[PDB]
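S.K.: Protein chains in written order, with the working numbering: chain A, 1 to 192; chain E, 1 to 192.
We put the beta carbon where it would ideally sit given N, CA and C, even for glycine.
Number of protein chains: 2
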Amino acid sequence: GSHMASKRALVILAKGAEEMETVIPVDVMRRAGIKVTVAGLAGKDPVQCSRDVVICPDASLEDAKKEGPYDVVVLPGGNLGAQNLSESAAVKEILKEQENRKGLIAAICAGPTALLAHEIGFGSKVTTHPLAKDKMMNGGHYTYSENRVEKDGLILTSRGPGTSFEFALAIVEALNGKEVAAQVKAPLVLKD
Amino acid sequence: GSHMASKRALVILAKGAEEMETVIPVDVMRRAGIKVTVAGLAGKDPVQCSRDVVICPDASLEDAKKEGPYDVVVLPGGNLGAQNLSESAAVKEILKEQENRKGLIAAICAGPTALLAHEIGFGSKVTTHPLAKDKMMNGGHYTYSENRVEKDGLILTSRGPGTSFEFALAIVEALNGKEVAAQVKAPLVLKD
Numbered sequence: 001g002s003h004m005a006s007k008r009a010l011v012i013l014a015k016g017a018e019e020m021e022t023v024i025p026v027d028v029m030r031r032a033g034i035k036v037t038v039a040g041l042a043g044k045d046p047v048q049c050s051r052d053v054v055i056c057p058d059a060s061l062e063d064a065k066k067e068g069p070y071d072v073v074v075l076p077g078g079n080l081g082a083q084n085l086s087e088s089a090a091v092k093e094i095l096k097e098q099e100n101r102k103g104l105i106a107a108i109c110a111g112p113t114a115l116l117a118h119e120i121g122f123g124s125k126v127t128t129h130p131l132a133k134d135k136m137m138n139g140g141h142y143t144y145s146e147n148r149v150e151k152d153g154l155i156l157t158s159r160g161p162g163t164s165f166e167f168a169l170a171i172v173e174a175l176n177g178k179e180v181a182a183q184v185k186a187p188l189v190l191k192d
Numbered sequence: 001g002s003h004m005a006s007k008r009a010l011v012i013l014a015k016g017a018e019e020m021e022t023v024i025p026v027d028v029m030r031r032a033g034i035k036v037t038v039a040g041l042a043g044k045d046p047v048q049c050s051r052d053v054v055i056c057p058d059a060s061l062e063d064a065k066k067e068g069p070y071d072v073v074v075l076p077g078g079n080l081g082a083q084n085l086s087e088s089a090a091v092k093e094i095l096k097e098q099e100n101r102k103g104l105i106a107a108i109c110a111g112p113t114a115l116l117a118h119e120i121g122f123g124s125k126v127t128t129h130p131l132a133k134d135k136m137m138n139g140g141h142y143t144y145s146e147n148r149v150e151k152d153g154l155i156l157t158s159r160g161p162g163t164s165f166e167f168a169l170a171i172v173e174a175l176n177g178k179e180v181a182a183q184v185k186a187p188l189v190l191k192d
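Right, here's the structure in full:
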């Protein structure tokens, strides 16, 4: 088939999500030609984010899950957002399915703490926001990294709003390769 | 009165705006304690941005203008977004009023081209996205800068998505000072 596969991403958007950590990966992945579904945890209604920006999802999570599978599942941060992701049985089921089929799981800042809650990726090397490290490491189920972006097999993690572009480009590289990532980076006017 | 003045920002959101360039300044300014109104150019309905993220405004521009004045008016980029800002008589009137009262005007990437359209700040030093330089400099009404963030009196400009955090922190510094900007920067995990 075609040497230019179209890839698909699911971004799970819960109330209290960090809006920068949501929008930056969505925009950069769409620039790369990835088909991105922004799915609302609670349905299709607009989602109030951590600093009160209101984002309209593309679909409910209920409907997006039926249209899987996805090449990457993306978990933004935000304290309340990650708590809501951690309490959701629907998120549990999507992540376990993604782990079983050897799909990529990407999470940033407090987002990785939802991996702990759902028992995803134990034994992996992960990073988090510094303020979330103690939560993530309770029980010693992971190895901690201070790298701005960390990738250990199919678990890709990153630290904070200021690492969001690096995180998004790492997803693009993993899915579509280094050359597409270089294309997308070129007009962004990143520092390095 | 209080040595801790509350400041106010107006962010004008038009169809086709760059969603990263919209959300990053809104979030960072709210982290700083600035009261931010995201005003929809076309009314209060949801706005489709350049990479199809849909943002709900806080208010219509019609209503937000009545609740002025604002300490800063912020113009995001995005090609279509900046075109819509350039064609709007309501934007003209807000910017001219802001210039007359010596208020800050901040614009990023293609956003500065709306200053040219509305004859704002002629003679100032400005930057833009590299791809917008020729448009901005048609007629020689400005001096061009390649700095990532440029501030010339009350005109603050910046280059692209990757300079958005720098741009937002420059707004915070101008409004609330260096110490508040240092507070807001601390948990962002910026490279430098």
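Counting only Cβ-Cβ distances shorter than 8 Å, please list the residues of the region 146 to 168 of chain E near chain A, keeping chain order.
M.R.: Flagged, chain order: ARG148, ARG159, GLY160, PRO161, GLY162, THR163, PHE165.
S.K.: Figure out for me which residue from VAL91(E), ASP71(E), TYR70(E) has the closest Cα to the Cα of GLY40(E).
M.R.: Checking every option, the nearest Cα to that of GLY40(E) belongs to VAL91(E).
S.K.: Tell me which residue opens and which closes the beta strand (DSSP E) that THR157(E) is part of.
M.R.: Its beta strand (DSSP E) spans residues 155 to 158.
S.K.: Bridge partners for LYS151(A) per DSSP, in chain order?
M.R.: Answer is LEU156(A), bridged to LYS151(A).
S.K.: Smallest Cα separation from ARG31(A): which of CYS49(A), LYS7(A), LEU116(A)?
M.R.: Of the candidates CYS49(A), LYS7(A), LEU116(A), the one whose C-alpha sits nearest the C-alpha of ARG31(A) is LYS7(A).
S.K.: Taking only the alpha-carbon atoms, compute the straight-line gap between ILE105(E) and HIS118(E) and give it to the nearest angstrom.
M.R.: Approximately 13 Å, taken between the alpha carbons.
S.K.: By the 9 Å beta-carbon criterion, what residues does the region 49 to 63 of chain E contribute toward chain A?
M.R.: Hits within the stretch, in order: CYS49, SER50, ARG51, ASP52, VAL53, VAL54, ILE55, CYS56, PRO57, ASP58.
S.K.: Could you name the residues of the same chain whose beta carbon sits closer than 8 Å to that of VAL172(E), not counting the 5 residues immediately before and after it, in chain order?
M.R.: Correct list, in chain order: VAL28, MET29, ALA32, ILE34, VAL180, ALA181, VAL184.
S.K.: Could you check whether the Cβ of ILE12(E) sits closer than 7 Å to any Cβ belonging to chain A?
M.R.: Not an interface residue.
S.K.: Between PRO25(A) and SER164(A), what straight-line distance do the alpha-carbon atoms span, to the nearest angstrom?
M.R.: Taking the straight line joining both Cα atoms gives about 7 Å.
S.K.: Is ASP27(E) close to chain C, meaning its C-beta is less than 7 Å from at least one C-beta of that chain?
M.R.: In the displayed structure, chain C is absent; the protein chains listed are A and E.
S.K.: How many angstroms separate the CA atom of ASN100(E) from the CA atom of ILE155(E)?
M.R.: Rounded to the nearest angstrom, the two C-alpha atoms are 12 Å apart.
S.K.: Please say whether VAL53(E) and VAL11(E) have beta carbons closer to each other than 7 Å?
M.R.: No, the Cβ-Cβ distance between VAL11(E) and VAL53(E) is not below 7 Å.
S.K.: Taking 7 Å as the CB-CB cut-off, is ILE24(E) touching chain A?
M.R.: Closer than 7 Å: yes.
S.K.: Along chain E, in chain order, which residues have C-beta atoms closer than 7 Å to that of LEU190(A)?
M.R.: Within 7 Å Cβ-Cβ: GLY162.
S.K.: Can you give the Cα-Cα distance for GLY81(E) and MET20(A), rounded to whole angstroms?
M.R.: Computed Cα separation, rounded: 19 Å.
S.K.: I need the boundaries of the alpha helix (DSSP H) containing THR37(E), first residue and last residue.
M.R.: That residue, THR37(E), is in no alpha helix (DSSP H); its beta strand (DSSP E) goes 35 to 40.
S.K.: Taking all protein chains shown into account, do 16 or more other C-beta atoms lie within 10 angstroms of the C-beta of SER124(A), making it buried, or fewer, making it exposed?
M.R.: The residue in question, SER124(A), is buried, as its Cβ has 16 or more Cβ neighbours within 10 Å.
S.K.: Under 7 Å between the Cβ atoms of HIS129(E) and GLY162(E)?
M.R.: For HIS129(E) and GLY162(E), no; Cβs fall outside 7 Å.
S.K.: Under a three-way DSSP split, which group does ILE120(E) fall into?
M.R.: Coil, per DSSP.
S.K.: Look at the Cβ atom of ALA110(A), then the Cβ atom of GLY77(A), and state whether they are nearer than 7 Å.
M.R.: A contact, by the Cβ cut-off of 7 Å.
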